[PDB]
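Novice: To start, I am sharing the structure in question, which I have written as structure tokens.
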Amino acid sequence: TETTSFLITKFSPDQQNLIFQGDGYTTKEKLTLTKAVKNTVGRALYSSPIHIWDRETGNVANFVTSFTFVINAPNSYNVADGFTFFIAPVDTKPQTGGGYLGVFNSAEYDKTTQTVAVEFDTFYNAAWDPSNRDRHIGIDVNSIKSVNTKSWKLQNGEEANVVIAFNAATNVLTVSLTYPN
Amino acid sequence: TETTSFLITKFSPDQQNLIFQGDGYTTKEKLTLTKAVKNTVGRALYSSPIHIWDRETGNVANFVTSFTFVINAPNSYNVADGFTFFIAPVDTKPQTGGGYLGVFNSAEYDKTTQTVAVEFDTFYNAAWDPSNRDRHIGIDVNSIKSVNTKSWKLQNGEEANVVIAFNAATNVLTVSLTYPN
Amino acid sequence: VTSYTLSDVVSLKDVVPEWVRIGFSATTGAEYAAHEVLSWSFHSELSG
Amino acid sequence: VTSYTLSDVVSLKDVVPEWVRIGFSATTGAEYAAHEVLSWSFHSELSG
Ligand SMILES: OC[C@H]1O[C@@](CO)(O[C@H]2O[C@H](CO)[C@@H](O)[C@H](O)[C@H]2O)[C@@H](O)[C@@H]1O
Ligand SMILES: OC[C@H]1O[C@@](CO)(O[C@H]2O[C@H](CO)[C@@H](O)[C@H](O)[C@H]2O)[C@@H](O)[C@@H]1O
Ligand SMILES: [Ca+2]
Ligand SMILES: [Ca+2]
Ligand SMILES: [Mn+2]
Ligand SMILES: [Mn+2]
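Protein chains in written order, with UniProt numbering: chain A, 31 to 211; chain B, 31 to 211; chain C, 218 to 265; chain D, 218 to 265.
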């Protein structure tokens, strides 16, 4: 058996168990990925590689993650592009920006990306987002065009409580998001 | 609040969550620090830095670690040098070998070493080890000359179950080594 | 309290490598916003 | 069942850095032996 766990409720100015990329850094006890500025990207990864599956045994891990995030937009009606929780190869660097969320490079399925992500998409990209134009939660598998989505009403400046779990017995990835109001 | 935890009941050949130094590597479900050869050193560290204390609050972490280790000496009368569990700066490299156990460089207090180690010392180094010449467990603080020791009867080839815990409320570090026989 | 849920079947072993790193990402384009995380916990268990 | 116990006061805050890495070491010199680890677990909690 192999397990990896951690908890952080307040971020230090030098949170050494995290790897930062782009504009990602800690400030005011929070983990900031981007400030309200155009065309940028920020990522933060846990320092330790995580053992998700094993070829010889074919065993796959069960895992769960909890986090609370906030999106602060100057104009509550002009918001982009979104935020994700992702699982990628150990040596991952920021991918395409903008609507690609720094984790994918195309709407076409790309086996080489080897990345799974749960997105909280605040901007409608006509090339691949749900036609109703709603902001949405989505499950992405090697593509920015989600395998499944659910419409989500962004609450500007409100704390979004998220839980994401993976059940290896069923290969089911579940996502939950709650707002206090 | 911050917590870090992990469990490895058996090592895999590609243990990516560990950093290996010197002769250290994983094989046959075990972690090999040294083989039975002279003048060598092997170390393995957990990949993620751990937050032990915070300057602003002055808070110090409580922690516990458990592990099972084995020493196989080709002889019953000539055994050296020992094994340690250590806490050191994030970017630590192997220190002096032999009687220094790869964690210290002198028997004199050196504040720059910034390392605490629990040693399982199998060889009597006259310059600093307990005069009774017994193998012993010791608590080392910035020096190979332990602040406290306990005579220990090495059981060649037997599994030793160790538990090391630190109580932040009292600053007490406790160590226990248990053999089934 | 306002809640949302979403789930799907993802053959993890066929998409990501045996070992991975996990993390968060956020981007802006012509339109923007600040994205922040207040707390984070994670736990994984792989059997032998 | 043979147990050995040892304890002492150690002001960690005055010895090691705020952040540390933990690990195992083993060495040999003119005399030697094989040193191996079979299993390992760790848990820490810092409450501020
Ligand atoms: O104002 C958004 C507007 O800009 C375009 C390019 O002209 O898209 C950019 O901005 C989006 C919002 O941040 C990103 O999703 C996209 O990746 C970026 O190129 C238009 O497509 C969009 O209507
Ligand atoms: O055979 C032991 C003998 O070797 C010396 C050096 O000549 O010490 C070396 O070996 C010890 C046992 O492994 C180490 O602890 C020591 O660091 C290393 O120099 C003699 O001092 C010792 O009597
Ligand atoms: Ca989008
Ligand atoms: Ca010694
Ligand atoms: Mn989308
Ligand atoms: Mn000693």
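C-beta: ideal position from N, C-alpha, C; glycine also.
Indicate, with yes or no, if ligand 7 has a heavy atom lying under 8 Å from the CB of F116(A).
Specialist: As for ligand 7, it is missing from this structure, which binds only ligand 1, ligand 2, ligand 3, ligand 4, ligand 5 and ligand 6.
Novice: Consult DSSP for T143(B) and reduce its assignment to one of helix, strand or coil.
Specialist: helix
Novice: What are the partner residues of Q51(A), as DSSP defines its beta bridges?
Specialist: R73(A)
Novice: Along the chain, where does the beta strand (DSSP E) that runs through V232(C) open and close?
Specialist: Note, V232(C): premise wrong, no beta strand (DSSP E); alpha helix (DSSP H) at 229–232.
Novice: Considering only residues of the segment 116–161 of chain A, which uninterrupted beta strand (DSSP E) runs meet the minimum length of 3 residues and lie entirely inside it, listed in chain order?
Specialist: 146–151
Novice: Rounding to the nearest angstrom, what Cα-Cα distance links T244(C) and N172(A) in this structure?
Specialist: 18 Å
Novice: Once you ignore the five residues that flank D164(B) on each side, which residues in its own chain have a CB closer than 6 Å to its CB?
Specialist: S181
Novice: Does the beta-carbon of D151(A) have 16 or more other beta-carbons within 10 angstroms, so that it is buried, or is it exposed?
Specialist: buried
Novice: Does any CB atom of chain B fall closer than 9 Å to the CB of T122(A)?
Specialist: Chain B contact via Cβ: absent.
Novice: Tell me the DSSP secondary structure of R163(A) in three-state form.
Specialist: Secondary structure of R163(A) (DSSP, three-state): coil.
Novice: So, with DSSP's three-state summary, where would you put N89(B)?
Specialist: DSSP places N89(B) outside both helix and strand once states are collapsed to three, so it counts as coil.
Novice: Is it buried or exposed for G112(B), if we count other Cβ within 10 angstroms and need 16 for buried?
Specialist: buried
Novice: Short of 8 Å in beta carbon distance, which residues of its chain neighbour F259(C), apart from the five on each side in sequence? Order them along the chain.
Specialist: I239
Novice: Closer than 9 Å by beta-carbon distance: list the chain E residues that pair up with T39(B), in chain order.
Specialist: Chain labels in this structure do not include chain E; the protein chains are A, B, C and D.
Novice: Below 8 Å, is the gap between the Cβ of residue 272(D) and the nearest heavy atom of ligand 6?
Specialist: Nothing about residue 272(D) can be reported from this structure: the residues present for chain D run from 218 to 265 only.
Novice: Using beta carbons (cut-off 9 Å, strictly below), is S42(A) in contact with chain C?
Specialist: Not one chain C Cβ lies under 9 Å of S42(A).
Novice: Say the cut is 8 Å; is the CB of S176(B) nearer than that to a heavy atom of ligand 6?
Specialist: yes
Novice: Using a Cβ distance threshold of 8 Å, determine whether the segment 126–138 of chain B contacts the segment 95–106 of chain B, with at least three qualifying pairs required.
Specialist: no
Novice: Per DSSP, which one or two residues make a beta bridge with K60(A)?
Specialist: Answer by DSSP bridge pairing, in chain order: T57(A).
Novice: From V232(D) to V90(B), what distance separates their C-alpha atoms?
Specialist: In this model, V232(D) and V90(B) are separated by some 12 Å (Cα to Cα).
Novice: How would you list, in chain order, the residues of chain C whose beta-carbon sits under 9 Å from the beta-carbon of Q144(A)?
Specialist: Chain C residues near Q144(A): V232, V233, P234, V237.
Novice: Given a cut-off of 9 Å on the beta-carbon distance, is the pair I167(B) and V177(B) in contact?
Specialist: In this structure, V177(B) does not lie closer than 9 Å to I167(B) by Cβ.
Novice: Quick check: does the Cβ of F134(B) come within less than 8 Å of any heavy atom belonging to ligand 4?
Specialist: no
Novice: What do you reckon, are the CB atoms on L61(B) and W236(D) nearer than 9 Å?
Specialist: In this structure, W236(D) does not lie closer than 9 Å to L61(B) by Cβ.
Novice: Let me see if you follow: with CB-CB separation under 9 Å, is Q125(B) close to chain C or not?
Specialist: no
Novice: Please return the same chain residues whose Cβ sits closer than 6 Å to the Cβ of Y139(A), not counting the five positions on each side in sequence.
Specialist: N172, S173
Novice: Could you tell me which chain D residues have their CB closer than 7 Å to the CB of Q46(A), listed as they occur along the chain?
Specialist: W236
Novice: Taking Cβ positions only, does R85(A) come closer than 9 Å to chain C?
Specialist: yes
Novice: For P160(A), verify whether its CB is less than 8 Å away from any heavy atom of ligand 5.
Specialist: yes
Novice: Indicate, with yes or no, if ligand 3 has a heavy atom lying under 8 Å from the CB of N155(A).
Specialist: yes
Novice: Given that a residue counts as buried once 16 or more other Cβ atoms are within 10 Å of its Cβ, and exposed if not, what is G52(A)?
Specialist: buried
Novice: Is the beta carbon of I82(B) sitting closer than 9 Å to the one on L263(D)?
Specialist: yes
Novice: Helix, strand or coil: which one does DSSP assign to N197(A)?
Specialist: In this structure, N197(A) counts as strand in the three-state DSSP scheme.
Novice: What in chain B is Cβ-close to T34(A), meaning under 7 Å?
Specialist: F36, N47
Novice: Would you mind stating whether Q46(B) and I38(B) have Cβ atoms separated by less than 9 Å?
Specialist: A distance of 9 Å or more separates the beta carbons of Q46(B) and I38(B).
Novice: Taking the beta strand (DSSP E) that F241(C) belongs to, which residues open and close that run?
Specialist: 236–244 is the extent of the beta strand (DSSP E) around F241(C).
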